[PDB]
Amino acid sequence: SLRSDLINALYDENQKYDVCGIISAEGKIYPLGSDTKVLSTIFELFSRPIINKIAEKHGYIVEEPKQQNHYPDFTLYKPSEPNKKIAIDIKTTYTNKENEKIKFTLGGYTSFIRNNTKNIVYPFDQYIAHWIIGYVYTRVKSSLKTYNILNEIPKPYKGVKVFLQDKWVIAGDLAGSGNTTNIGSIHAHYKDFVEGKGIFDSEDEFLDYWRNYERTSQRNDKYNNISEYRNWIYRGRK
Amino acid sequence: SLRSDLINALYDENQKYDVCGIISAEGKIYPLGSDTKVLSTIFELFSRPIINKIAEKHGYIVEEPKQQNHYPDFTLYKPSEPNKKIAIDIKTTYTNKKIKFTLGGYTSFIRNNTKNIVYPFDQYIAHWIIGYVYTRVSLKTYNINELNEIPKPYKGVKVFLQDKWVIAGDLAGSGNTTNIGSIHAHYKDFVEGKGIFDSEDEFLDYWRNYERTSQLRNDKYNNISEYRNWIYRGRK
DNA sequence: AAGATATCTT
DNA sequence: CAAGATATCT
Ligand SMILES: [Mn+2]
Ligand SMILES: [Mn+2]
Ligand SMILES: [Mn+2]
Ligand SMILES: [Mn+2]
Ligand SMILES: [Mn+2]
């Protein structure tokens, strides 16, 4: 499928190529930094050509937000099925030591999930799937000078791993951020995201949970986690 | 000076080079995107070796944050006087052809000496802003021989180095993330320092006492004139 | 002015 | 974990 081919292409590109710098049209290269702000951007730009190639191979149109601050990073759709759009979002996180547990922030829970056209390229109800291409990397004089046309240039990361999974599948029950009201993913090992070991039973449960999750702990008398939500649901949503 | 040599070096590097992609050790090039989140990152990495070069020429050690989410991008200090550090922070904004920058939070290091800062705030004697302004303009890969044909995600870029206080405005630059907003002016005003604050003392005091929401501010002050009136009322 | 867009630190 | 930080934009 488009999906099996997408993840295959991503997993494969990550194996065969290592980003190591920014290059100008004149051939001068500037090294990269080791913080997530830099790597998330690098990993996303590294993903863009692959995502588009595969989509074109499957007859899908690819569209990126025309305006900034609009989810998702990529919208894939066939003209023939305008209401079956697929949102693909690239997310990145780090770890100081490989194999440790990781967590991702999975977008806000007060924008498009609560409002059909809020901060999304197309209305939420036109997408039938929301995929997450998650990247994980172990943080790592040389990075201070410029280089000319590779191999010597030090790479600010170690053991980059990539996965593709449904957002609802890896969604957790605890916020991924406070003042920016983000859904938090499960806090588990990379293998757990690949195998889809989340906490919701269905996409509808994930949606209902985040659509009724309160903004601050002061959730006290509603629900703060999946167990409480199920009890809340059992009682009649009150 | 270090400042004049840095400003010059910045201008020259900007005139001489156009970043056009990310390159792998294998020679394959991925193009750049056209949003601030991407450009801010590129403009900053572009700034690093030059800031480091001039610092070396002047005998300053350069330190970047070891920890994420800590101001500033670059901490410079001479090995003899460690208590007189210079903070250099890169900021970026776009133009579809008057501009404004967010200038960092007003509830972190300026209210607490050790909050979100690499070194105590009181060890810094200067806070410089290297501002990049770009006019907003592929999904294919390229090789070295195709450098000149890689589409740039910007039509033109202008860079400036000014003191933070000098370009600071009086309205926030963000709400839930409580950032100071710069003045809303033309690129030339940032270069020439046509601010609103009478002094860095006034800038600091204004942002250290700016309330987070309009409700709170409406009892104190929402702009420069009101803060001045608040001062006269005895800071009450 | 308030709150979105992406992640991380305390 | 929560809350609030990191950078910008809508
Ligand atoms: Mn994007
Ligand atoms: Mn993304
Ligand atoms: Mn962890
Ligand atoms: Mn919109
Ligand atoms: Mn700290």
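Chain letters run A, B, ... following the sequence lines, proteins first and then strands; every chain starts at 1. Just so it is clear, the values below take in all heavy atoms, side chains as well, and ignore hydrogens, waters and symmetry mates.
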Point to revise | Plane angle bin for A/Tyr30 and B/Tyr17 - parallel if under 30°, tilted between 30 and 60°, otherwise perpendicular | key: perpendicular
Review point. Could one point to a donor on the side chain of B/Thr92 or the base of D/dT8 with an acceptor on the other under 3.5 Å away?
Key: no
Review point. So does A/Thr93 get a side-chain nitrogen or oxygen closer than 4.0 Å to the phosphate oxygens (OP1/OP2) of C/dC8?
Key: yes
Check your understanding: Is there a donor-acceptor pair closer than 3.5 Å between any side-chain N or O of B/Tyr134 and the backbone N or O of B/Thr36?
Key -> yes
Review point. So does B/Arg217 get a side-chain nitrogen or oxygen closer than 4.0 Å to the phosphate oxygens (OP1/OP2) of C/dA2?
Key: yes
Practice item. Specify whether B/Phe109 and B/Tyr71 have parallel, tilted or perpendicular ring planes, treating 30° as the upper limit for parallel and 60° as the lower limit for perpendicular. Key: parallel
**Study point:** side-chain N/O B/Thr36 vs D/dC9 OP1/OP2, d < 4.0 Å
**Key:** yes
Exercise for review: Look at the side-chain N and O atoms of A/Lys91 and state whether any lies under 4.0 Å from the OP1 or OP2 oxygen of C/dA6.
Suggested key: yes
Check your understanding: If you check the A/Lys118 side chain, which of D/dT10, C/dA4, D/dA5 turns out closest?
Key -> C/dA4
Practice item. Take the protein atom CZ of A/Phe43 and the nucleotide atom P of C/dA6, then report the distance between them rounded to whole Å. Key: 17 Å
Review point. Is the side chain of A/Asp166 donor-acceptor paired with the backbone N or O of A/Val169 at a distance under 3.5 Å, no angle test?
Key: no
Check your understanding: Is there a donor on the side chain of A/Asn182 or the base of C/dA6 sitting less than 3.5 Å from an acceptor on the other?
Key -> no
Exercise for review: Would you state whether a donor and an acceptor, one from the side chain of B/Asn69 and one from the base of D/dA7, lie under 3.5 Å apart?
Suggested key: no
Check your understanding: Does B/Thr102 have a side-chain nitrogen or oxygen under 4.0 Å from the phosphate oxygens OP1 or OP2 of D/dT8?
Key -> yes
Review point. With respect to the side chain of B/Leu171, which nucleotide from C/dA1, D/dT8, C/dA4 is positioned closest?
Key: C/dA1
Check your understanding: Would you say a side-chain N or O of A/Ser177 is under 4.0 Å from OP1 or OP2 of C/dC8?
Key -> no
Practice item. Say whether, by atom type as modelled, one donor and one acceptor occur between the side chain of A/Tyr223 and the main chain of A/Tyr213 under 3.5 angstrom. Key: yes
Practice item. Give one of base, sugar-phosphate or nothing for A/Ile90, where a contact means two heavy atoms less than 4.0 Å apart. Key: sugar-phosphate
Review point. If only side-chain N and O atoms of A/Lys103 are considered, is one of them under 4.0 Å from the OP1 or OP2 phosphate oxygen of C/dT7?
Key: no
Review point. Taking atom P of D/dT8 as reference, at what distance in whole Å does atom CD1 of B/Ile42 sit?
Key: 14 Å
Exercise for review: Tell me whether the OP1 or OP2 atom of D/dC9 has a side-chain N or O from A/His70 closer than 4.0 Å.
Suggested key: no
Exercise for review: Please state whether the phosphate of C/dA4, meaning OP1 or OP2, lies under 4.0 angstrom from any side-chain nitrogen or oxygen of A/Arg215.
Suggested key: yes
**Study point:** Pucker class of C/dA6, from the sign of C1'-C2'-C3'-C4'
**Key:** south
Check your understanding: Base, sugar-phosphate alone, or nothing: which one does B/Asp89 contact when heavy atoms must sit under 4.0 Å apart?
Key -> sugar-phosphate
Point to revise | Check: B/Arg217 side chain, B/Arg212 main-chain N or O, donor-acceptor pair, under 3.5 Å | key: yes
Practice item. Using only side-chain N and O atoms of A/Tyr94, determine if any of them is under 4.0 Å from OP1 or OP2 of C/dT9. Key: yes
Check your understanding: At under 4.0 Å between heavy atoms, what does A/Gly184 touch on the DNA or RNA strands: base, sugar-phosphate, or nothing?
Key -> nothing
